[PDB]
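Enquirer: Here it is: the structure, laid out below.
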Amino acid sequence: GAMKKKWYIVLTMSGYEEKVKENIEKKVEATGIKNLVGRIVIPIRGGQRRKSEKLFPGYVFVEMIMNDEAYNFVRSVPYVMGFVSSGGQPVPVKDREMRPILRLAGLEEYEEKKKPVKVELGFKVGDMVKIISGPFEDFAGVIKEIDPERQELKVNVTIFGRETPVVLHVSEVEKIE
């Protein structure tokens, strides 16, 4: 419903995301349409300690009110290739799926981190590892690479129907078995 605002994924060209975000800010300024567009988020932003460098290339997260004037205004966005969707307009993202984007996007700050325990043994590449610490806490992933000497394990998380490797601390994830 237009009254309620949801978050959709805007399609773009890797490298033009920052431009798309700014284009939207002014696109609504010259049109004074600050009611169709709301807050824009980007999976690229990461913790200051480490930058994911664009978690999803060409993929951007934006919240806006659905409507005929909103679709025609967003679709007309410069540098925008369209929006991810099954039929027409794009579909809203499940809040549970944004949890990791809002937390990393700085949209939500929570604690839940009093379980500083390092996990080791039964750890191997390809093995299945579950996340339990960080912005993706509670996320299941597969061990893609193990970096010894530092206790770090690269895991591939399945987000947006796509697989993507994430850098985390071995003590921040669990290898189930």
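Scheme for the structure tokens: letters A, B, ... for chains in order shown; per-chain residue numbers from 1; ligand numbers from 1 in order shown.
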Find the residues around residue 8 (chain A) up to 12 Å (only C-alpha atoms counted), leave out those fewer than 3 positions away in its own chain, and share them as a PDB file with N, CA, C and O atoms, in the first residue's frame.
Expert:
```
ATOM      1  N   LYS A   5       5.500   2.110   3.549  1.00  0.00           N
ATOM      2  CA  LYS A   5       6.694   2.107   2.658  1.00  0.00           C
ATOM      3  C   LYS A   5       7.418   0.765   2.779  1.00  0.00           C
ATOM      4  O   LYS A   5       7.518   0.197   3.849  1.00  0.00           O
ATOM      5  N   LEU A  11      17.903  -2.158  -9.761  1.00  0.00           N
ATOM      6  CA  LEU A  11      18.977  -2.736 -10.612  1.00  0.00           C
ATOM      7  C   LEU A  11      19.839  -1.604 -11.175  1.00  0.00           C
ATOM      8  O   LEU A  11      19.344  -0.554 -11.531  1.00  0.00           O
ATOM      9  N   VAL A  37       9.656   8.641  -2.763  1.00  0.00           N
ATOM     10  CA  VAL A  37      10.944   7.991  -2.392  1.00  0.00           C
ATOM     11  C   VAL A  37      11.198   8.182  -0.896  1.00  0.00           C
ATOM     12  O   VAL A  37      10.891   9.215  -0.336  1.00  0.00           O
ATOM     13  N   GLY A  38      11.750   7.197  -0.242  1.00  0.00           N
ATOM     14  CA  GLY A  38      12.015   7.330   1.217  1.00  0.00           C
ATOM     15  C   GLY A  38      13.519   7.234   1.477  1.00  0.00           C
ATOM     16  O   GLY A  38      14.300   8.005   0.957  1.00  0.00           O
ATOM     17  N   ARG A  39      13.931   6.293   2.283  1.00  0.00           N
ATOM     18  CA  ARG A  39      15.383   6.150   2.581  1.00  0.00           C
ATOM     19  C   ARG A  39      16.016   5.149   1.612  1.00  0.00           C
ATOM     20  O   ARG A  39      15.429   4.140   1.275  1.00  0.00           O
ATOM     21  N   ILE A  40      17.212   5.420   1.165  1.00  0.00           N
ATOM     22  CA  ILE A  40      17.889   4.486   0.223  1.00  0.00           C
ATOM     23  C   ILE A  40      19.037   3.785   0.952  1.00  0.00           C
ATOM     24  O   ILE A  40      19.808   4.408   1.656  1.00  0.00           O
ATOM     25  N   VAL A  41      19.162   2.495   0.795  1.00  0.00           N
ATOM     26  CA  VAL A  41      20.264   1.769   1.485  1.00  0.00           C
ATOM     27  C   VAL A  41      21.133   1.059   0.447  1.00  0.00           C
ATOM     28  O   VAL A  41      20.714   0.815  -0.668  1.00  0.00           O
ATOM     29  N   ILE A  42      22.343   0.729   0.803  1.00  0.00           N
ATOM     30  CA  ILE A  42      23.241   0.039  -0.163  1.00  0.00           C
ATOM     31  C   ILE A  42      24.044  -1.038   0.567  1.00  0.00           C
ATOM     32  O   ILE A  42      24.682  -0.778   1.568  1.00  0.00           O
ATOM     33  N   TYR A  59      23.227  -4.340  -7.424  1.00  0.00           N
ATOM     34  CA  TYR A  59      22.009  -4.449  -6.572  1.00  0.00           C
ATOM     35  C   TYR A  59      21.997  -3.335  -5.520  1.00  0.00           C
ATOM     36  O   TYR A  59      22.968  -3.106  -4.828  1.00  0.00           O
ATOM     37  N   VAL A  60      20.892  -2.650  -5.392  1.00  0.00           N
ATOM     38  CA  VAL A  60      20.793  -1.558  -4.383  1.00  0.00           C
ATOM     39  C   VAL A  60      19.467  -1.700  -3.633  1.00  0.00           C
ATOM     40  O   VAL A  60      18.487  -2.166  -4.179  1.00  0.00           O
ATOM     41  N   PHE A  61      19.419  -1.314  -2.386  1.00  0.00           N
ATOM     42  CA  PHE A  61      18.147  -1.444  -1.621  1.00  0.00           C
ATOM     43  C   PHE A  61      17.539  -0.061  -1.392  1.00  0.00           C
ATOM     44  O   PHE A  61      18.169   0.827  -0.853  1.00  0.00           O
ATOM     45  N   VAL A  62      16.313   0.127  -1.801  1.00  0.00           N
ATOM     46  CA  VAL A  62      15.662   1.452  -1.609  1.00  0.00           C
ATOM     47  C   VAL A  62      14.248   1.260  -1.058  1.00  0.00           C
ATOM     48  O   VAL A  62      13.562   0.313  -1.391  1.00  0.00           O
ATOM     49  N   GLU A  63      13.803   2.160  -0.223  1.00  0.00           N
ATOM     50  CA  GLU A  63      12.431   2.042   0.343  1.00  0.00           C
ATOM     51  C   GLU A  63      11.549   3.122  -0.285  1.00  0.00           C
ATOM     52  O   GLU A  63      11.896   4.285  -0.291  1.00  0.00           O
ATOM     53  N   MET A  64      10.422   2.754  -0.834  1.00  0.00           N
ATOM     54  CA  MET A  64       9.560   3.787  -1.472  1.00  0.00           C
ATOM     55  C   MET A  64       8.087   3.376  -1.429  1.00  0.00           C
ATOM     56  O   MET A  64       7.748   2.230  -1.209  1.00  0.00           O
ATOM     57  N   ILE A  65       7.219   4.321  -1.650  1.00  0.00           N
ATOM     58  CA  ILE A  65       5.759   4.024  -1.642  1.00  0.00           C
ATOM     59  C   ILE A  65       5.340   3.540  -3.032  1.00  0.00           C
ATOM     60  O   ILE A  65       5.615   4.178  -4.030  1.00  0.00           O
ATOM     61  N   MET A  66       4.700   2.407  -3.109  1.00  0.00           N
ATOM     62  CA  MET A  66       4.297   1.875  -4.441  1.00  0.00           C
ATOM     63  C   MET A  66       3.094   2.658  -4.970  1.00  0.00           C
ATOM     64  O   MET A  66       2.199   3.027  -4.234  1.00  0.00           O
ATOM     65  N   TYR A  71       6.152   4.407  -9.499  1.00  0.00           N
ATOM     66  CA  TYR A  71       6.793   3.483 -10.478  1.00  0.00           C
ATOM     67  C   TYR A  71       7.312   4.280 -11.677  1.00  0.00           C
ATOM     68  O   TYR A  71       8.440   4.122 -12.096  1.00  0.00           O
ATOM     69  N   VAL A  74      10.397   6.222 -10.464  1.00  0.00           N
ATOM     70  CA  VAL A  74      11.595   5.385 -10.167  1.00  0.00           C
ATOM     71  C   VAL A  74      12.120   4.771 -11.467  1.00  0.00           C
ATOM     72  O   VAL A  74      13.280   4.899 -11.802  1.00  0.00           O
ATOM     73  N   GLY A  82      16.315  -0.819 -14.057  1.00  0.00           N
ATOM     74  CA  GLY A  82      14.963  -1.354 -13.729  1.00  0.00           C
ATOM     75  C   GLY A  82      14.934  -1.799 -12.267  1.00  0.00           C
ATOM     76  O   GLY A  82      15.662  -1.291 -11.438  1.00  0.00           O
ATOM     77  N   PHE A  83      14.096  -2.745 -11.941  1.00  0.00           N
ATOM     78  CA  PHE A  83      14.021  -3.221 -10.531  1.00  0.00           C
ATOM     79  C   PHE A  83      13.778  -4.732 -10.515  1.00  0.00           C
ATOM     80  O   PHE A  83      13.040  -5.260 -11.324  1.00  0.00           O
ATOM     81  N   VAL A  84      14.393  -5.433  -9.602  1.00  0.00           N
ATOM     82  CA  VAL A  84      14.195  -6.908  -9.539  1.00  0.00           C
ATOM     83  C   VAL A  84      12.730  -7.215  -9.219  1.00  0.00           C
ATOM     84  O   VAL A  84      12.170  -6.694  -8.276  1.00  0.00           O
ATOM     85  N   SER A  85      12.105  -8.054  -9.999  1.00  0.00           N
ATOM     86  CA  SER A  85      10.677  -8.389  -9.740  1.00  0.00           C
ATOM     87  C   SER A  85      10.309  -9.670 -10.491  1.00  0.00           C
ATOM     88  O   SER A  85      10.986 -10.077 -11.414  1.00  0.00           O
ATOM     89  N   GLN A  89       6.269  -4.263 -11.259  1.00  0.00           N
ATOM     90  CA  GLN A  89       7.019  -3.571 -10.168  1.00  0.00           C
ATOM     91  C   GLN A  89       7.758  -4.594  -9.308  1.00  0.00           C
ATOM     92  O   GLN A  89       7.389  -5.749  -9.242  1.00  0.00           O
ATOM     93  N   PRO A  90       8.828  -4.151  -8.636  1.00  0.00           N
ATOM     94  CA  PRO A  90       9.635  -5.019  -7.776  1.00  0.00           C
ATOM     95  C   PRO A  90       8.881  -5.437  -6.511  1.00  0.00           C
ATOM     96  O   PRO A  90       7.920  -4.809  -6.111  1.00  0.00           O
ATOM     97  N   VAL A  91       9.312  -6.494  -5.878  1.00  0.00           N
ATOM     98  CA  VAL A  91       8.626  -6.956  -4.640  1.00  0.00           C
ATOM     99  C   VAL A  91       9.396  -6.461  -3.415  1.00  0.00           C
ATOM    100  O   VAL A  91      10.586  -6.225  -3.474  1.00  0.00           O
ATOM    101  N   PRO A  92       8.697  -6.303  -2.281  1.00  0.00           N
ATOM    102  CA  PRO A  92       9.308  -5.836  -1.031  1.00  0.00           C
ATOM    103  C   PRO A  92      10.236  -6.891  -0.423  1.00  0.00           C
ATOM    104  O   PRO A  92      10.009  -8.078  -0.551  1.00  0.00           O
ATOM    105  N   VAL A  93      11.279  -6.469   0.238  1.00  0.00           N
ATOM    106  CA  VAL A  93      12.219  -7.448   0.852  1.00  0.00           C
ATOM    107  C   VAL A  93      11.701  -7.855   2.234  1.00  0.00           C
ATOM    108  O   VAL A  93      11.164  -7.047   2.968  1.00  0.00           O
ATOM    109  N   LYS A  94      11.858  -9.098   2.595  1.00  0.00           N
ATOM    110  CA  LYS A  94      11.374  -9.552   3.930  1.00  0.00           C
ATOM    111  C   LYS A  94      12.215  -8.896   5.026  1.00  0.00           C
ATOM    112  O   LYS A  94      13.427  -8.977   5.024  1.00  0.00           O
ATOM    113  N   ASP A  95      11.582  -8.244   5.964  1.00  0.00           N
ATOM    114  CA  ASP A  95      12.345  -7.583   7.059  1.00  0.00           C
ATOM    115  C   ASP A  95      13.444  -8.526   7.553  1.00  0.00           C
ATOM    116  O   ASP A  95      14.576  -8.129   7.746  1.00  0.00           O
ATOM    117  N   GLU A  97      15.105 -10.488   6.030  1.00  0.00           N
ATOM    118  CA  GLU A  97      16.226 -10.472   5.049  1.00  0.00           C
ATOM    119  C   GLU A  97      16.976  -9.142   5.145  1.00  0.00           C
ATOM    120  O   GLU A  97      18.137  -9.045   4.802  1.00  0.00           O
ATOM    121  N   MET A  98      16.323  -8.113   5.614  1.00  0.00           N
ATOM    122  CA  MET A  98      17.002  -6.790   5.731  1.00  0.00           C
ATOM    123  C   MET A  98      17.772  -6.732   7.052  1.00  0.00           C
ATOM    124  O   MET A  98      18.716  -5.979   7.197  1.00  0.00           O
ATOM    125  N   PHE A 160      19.675 -13.326  -1.452  1.00  0.00           N
ATOM    126  CA  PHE A 160      19.085 -12.873  -2.744  1.00  0.00           C
ATOM    127  C   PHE A 160      19.167 -14.006  -3.769  1.00  0.00           C
ATOM    128  O   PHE A 160      19.470 -13.789  -4.925  1.00  0.00           O
TER     129      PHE A 160
END
```
Enquirer: From the set A:53, A:108, A:22, A:127, which residue has the shortest atom-to-atom contact distance to residue 166 (chain A), counting only C-alpha atoms?
Expert: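 Using only C-alpha atoms, the shortest distance to residue 166 (chain A) belongs to A:53.
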Enquirer: From the list A:2, A:55, A:70, A:77, which residue is nearest residue 25 (chain A) when using only C-alpha atoms?
Expert: A:77
Enquirer: Show which residues sit within 10 Å of residue 156 (chain A), as an NGL selection string. Count only C-alpha atoms, and ignore same-chain residues fewer than 3 positions away.
Expert: :A and (126 or 128-129 or 140-145 or 159 or 162-167)
Enquirer: Store the residues of this selection in a file with N, CA, C and O atoms, as a JSON list (two decimals), in the first residue's frame.
Expert:
```
[["chain", "number", "residue", "atom", "x", "y", "z"],
["A", 126, "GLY", "N", 34.40, -26.36, 2.11],
["A", 126, "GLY", "CA", 33.18, -27.02, 1.57],
["A", 126, "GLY", "C", 32.26, -27.41, 2.74],
["A", 126, "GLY", "O", 31.06, -27.41, 2.62],
["A", 128, "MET", "N", 29.89, -27.42, 5.99],
["A", 128, "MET", "CA", 28.79, -26.44, 6.22],
["A", 128, "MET", "C", 29.05, -25.69, 7.52],
["A", 128, "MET", "O", 29.24, -26.29, 8.56],
["A", 129, "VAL", "N", 29.06, -24.39, 7.48],
["A", 129, "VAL", "CA", 29.31, -23.61, 8.73],
["A", 129, "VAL", "C", 28.15, -22.64, 8.96],
["A", 129, "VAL", "O", 27.61, -22.06, 8.03],
["A", 140, "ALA", "N", 23.23, -19.31, 7.91],
["A", 140, "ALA", "CA", 23.95, -20.57, 7.56],
["A", 140, "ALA", "C", 24.82, -20.34, 6.32],
["A", 140, "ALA", "O", 24.38, -19.75, 5.35],
["A", 141, "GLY", "N", 26.04, -20.78, 6.35],
["A", 141, "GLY", "CA", 26.93, -20.58, 5.17],
["A", 141, "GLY", "C", 27.84, -21.79, 4.97],
["A", 141, "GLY", "O", 27.95, -22.65, 5.83],
["A", 142, "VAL", "N", 28.50, -21.86, 3.85],
["A", 142, "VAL", "CA", 29.41, -23.01, 3.58],
["A", 142, "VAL", "C", 30.86, -22.53, 3.64],
["A", 142, "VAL", "O", 31.20, -21.49, 3.11],
["A", 143, "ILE", "N", 31.72, -23.28, 4.27],
["A", 143, "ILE", "CA", 33.15, -22.86, 4.36],
["A", 143, "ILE", "C", 33.78, -22.92, 2.96],
["A", 143, "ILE", "O", 33.91, -23.98, 2.38],
["A", 144, "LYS", "N", 34.17, -21.80, 2.42],
["A", 144, "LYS", "CA", 34.78, -21.81, 1.07],
["A", 144, "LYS", "C", 36.31, -21.80, 1.20],
["A", 144, "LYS", "O", 37.01, -22.39, 0.40],
["A", 145, "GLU", "N", 36.83, -21.13, 2.19],
["A", 145, "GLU", "CA", 38.31, -21.09, 2.36],
["A", 145, "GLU", "C", 38.65, -20.91, 3.84],
["A", 145, "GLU", "O", 37.94, -20.26, 4.58],
["A", 159, "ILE", "N", 22.40, -15.28, -0.22],
["A", 159, "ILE", "CA", 21.46, -14.13, -0.04],
["A", 159, "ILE", "C", 20.93, -13.68, -1.39],
["A", 159, "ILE", "O", 21.64, -13.66, -2.38],
["A", 162, "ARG", "N", 21.32, -15.79, -4.35],
["A", 162, "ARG", "CA", 22.69, -15.84, -4.92],
["A", 162, "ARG", "C", 23.69, -16.20, -3.82],
["A", 162, "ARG", "O", 23.47, -15.92, -2.65],
["A", 163, "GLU", "N", 24.78, -16.82, -4.17],
["A", 163, "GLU", "CA", 25.79, -17.20, -3.14],
["A", 163, "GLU", "C", 26.88, -16.13, -3.08],
["A", 163, "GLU", "O", 27.35, -15.65, -4.09],
["A", 164, "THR", "N", 27.29, -15.75, -1.90],
["A", 164, "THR", "CA", 28.35, -14.71, -1.77],
["A", 164, "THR", "C", 29.23, -15.02, -0.56],
["A", 164, "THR", "O", 28.74, -15.22, 0.54],
["A", 165, "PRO", "N", 30.55, -15.06, -0.76],
["A", 165, "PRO", "CA", 31.52, -15.33, 0.31],
["A", 165, "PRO", "C", 31.60, -14.17, 1.31],
["A", 165, "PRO", "O", 31.64, -13.02, 0.93],
["A", 166, "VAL", "N", 31.63, -14.47, 2.58],
["A", 166, "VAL", "CA", 31.71, -13.38, 3.59],
["A", 166, "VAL", "C", 32.94, -13.59, 4.48],
["A", 166, "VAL", "O", 33.29, -14.71, 4.81],
["A", 167, "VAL", "N", 33.59, -12.53, 4.85],
["A", 167, "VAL", "CA", 34.80, -12.67, 5.72],
["A", 167, "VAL", "C", 34.39, -12.55, 7.19],
["A", 167, "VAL", "O", 33.86, -11.54, 7.62]]
```
Enquirer: Taking only C-alpha atoms into account, name the residue in A:123, A:154, A:48, A:67 that is nearest to residue 3 (chain A).
Expert: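 Residue with the minimum atom-to-atom distance to residue 3 (chain A): A:67.
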Enquirer: Considering only C-alpha atoms, return as a VMD selection string whatever protein or nucleic-acid residues lie within 12 Å of residue 109 (chain A), sequence-local ones (same chain, fewer than 2 positions apart) excluded.
Expert: chain A and resid 47 99 to 107 111 to 113 134 to 135
Enquirer: Keeping N, CA, C and O atoms for every residue in the selection just given, could you write it to a file as a compact mmCIF listing (two decimals), in the first residue's frame?
Expert:
```
# COMPACT_ATOMS: atom_id res chain seq x y z
N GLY A 47 31.39 -2.35 7.68
CA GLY A 47 31.97 -1.82 8.94
C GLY A 47 33.22 -1.00 8.61
O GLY A 47 33.91 -1.26 7.65
N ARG A 99 17.38 -7.52 8.02
CA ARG A 99 18.08 -7.51 9.33
C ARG A 99 19.58 -7.34 9.12
O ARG A 99 20.20 -6.47 9.70
N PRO A 100 20.19 -8.18 8.26
CA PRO A 100 21.62 -8.12 7.98
C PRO A 100 22.00 -6.86 7.18
O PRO A 100 23.10 -6.36 7.27
N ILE A 101 21.09 -6.35 6.40
CA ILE A 101 21.40 -5.13 5.60
C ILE A 101 21.23 -3.89 6.48
O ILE A 101 22.02 -2.97 6.43
N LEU A 102 20.21 -3.86 7.29
CA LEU A 102 19.99 -2.68 8.18
C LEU A 102 21.09 -2.65 9.24
O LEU A 102 21.63 -1.61 9.57
N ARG A 103 21.43 -3.79 9.79
CA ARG A 103 22.50 -3.82 10.83
C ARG A 103 23.82 -3.36 10.21
O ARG A 103 24.50 -2.51 10.73
N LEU A 104 24.17 -3.92 9.08
CA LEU A 104 25.44 -3.51 8.42
C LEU A 104 25.27 -2.12 7.81
O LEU A 104 26.18 -1.32 7.81
N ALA A 105 24.10 -1.83 7.31
CA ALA A 105 23.87 -0.49 6.70
C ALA A 105 23.82 0.58 7.80
O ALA A 105 23.64 1.75 7.52
N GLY A 106 23.97 0.19 9.04
CA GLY A 106 23.93 1.20 10.13
C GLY A 106 22.48 1.61 10.40
O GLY A 106 22.22 2.53 11.15
N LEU A 107 21.54 0.95 9.78
CA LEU A 107 20.12 1.31 10.00
C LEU A 107 19.65 0.75 11.34
O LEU A 107 18.67 1.20 11.90
N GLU A 111 23.13 -5.30 20.23
CA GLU A 111 24.31 -5.89 20.91
C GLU A 111 24.37 -7.39 20.62
O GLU A 111 24.93 -7.82 19.63
N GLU A 112 23.80 -8.20 21.47
CA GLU A 112 23.82 -9.67 21.24
C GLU A 112 25.22 -10.10 20.81
O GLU A 112 25.47 -10.39 19.66
N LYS A 113 26.15 -10.14 21.73
CA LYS A 113 27.54 -10.55 21.37
C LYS A 113 28.30 -10.92 22.64
O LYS A 113 29.47 -10.62 22.78
N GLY A 134 28.18 -11.22 14.55
CA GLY A 134 28.30 -10.18 13.49
C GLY A 134 26.91 -9.76 13.01
O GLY A 134 25.90 -10.12 13.58
N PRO A 135 26.87 -8.97 11.92
CA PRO A 135 25.62 -8.47 11.33
C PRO A 135 24.79 -9.58 10.68
O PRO A 135 23.61 -9.42 10.44
```
Enquirer: Using only C-alpha atoms, which protein or nucleic acid residues come within 10 Å of residue 23 (chain A)? Drop anything in the same chain fewer than 5 positions from it, and give the result as a PyMOL selection string.
Expert: chain A and resi 17-18+28-29+77-80
Enquirer: Would you mind reading off the distance between CA of residue 58 (chain A) and CA of residue 36 (chain A), one decimal, in Å?
Expert: 21.9 Å
Enquirer: Residues of region 40-132 of chain A in helix (DSSP H, G or I) according to DSSP, as a ChimeraX atom specification?
Expert: /A:68-75,95-104
Enquirer: Would you please give, as JSON, numbers by chain, all residues of chain A that DSSP assigns to strand (DSSP E or B) based on the backbone?
Expert: {"A": [6, 7, 8, 9, 10, 11, 37, 38, 39, 40, 41, 59, 60, 61, 62, 63, 64, 82, 83, 128, 129, 130, 131, 140, 141, 142, 143, 144, 145, 146, 147, 152, 153, 154, 155, 156, 157, 158, 159, 162, 163, 164, 165, 166, 167, 168, 169, 173, 174]}
Enquirer: I want to know what sits within 12 Å of residue 133 (chain A), based on only C-alpha atoms, with residues of the same chain fewer than 6 positions away left out; could you give that as a PyMOL selection string?
Expert: chain A and resi 100+110-119+139-140+167-174
Enquirer: Nearest residue to residue 15 (chain A) out of A:27, A:54, A:34, A:49, using only C-alpha atoms?
Expert: A:54
Enquirer: Report the distance between CA of residue 45 (chain A) and CA of residue 31 (chain A) in Å, rounded to one decimal place.
Expert: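 Atom-to-atom, CA of residue 45 (chain A) to CA of residue 31 (chain A), that is 27.5 Å.
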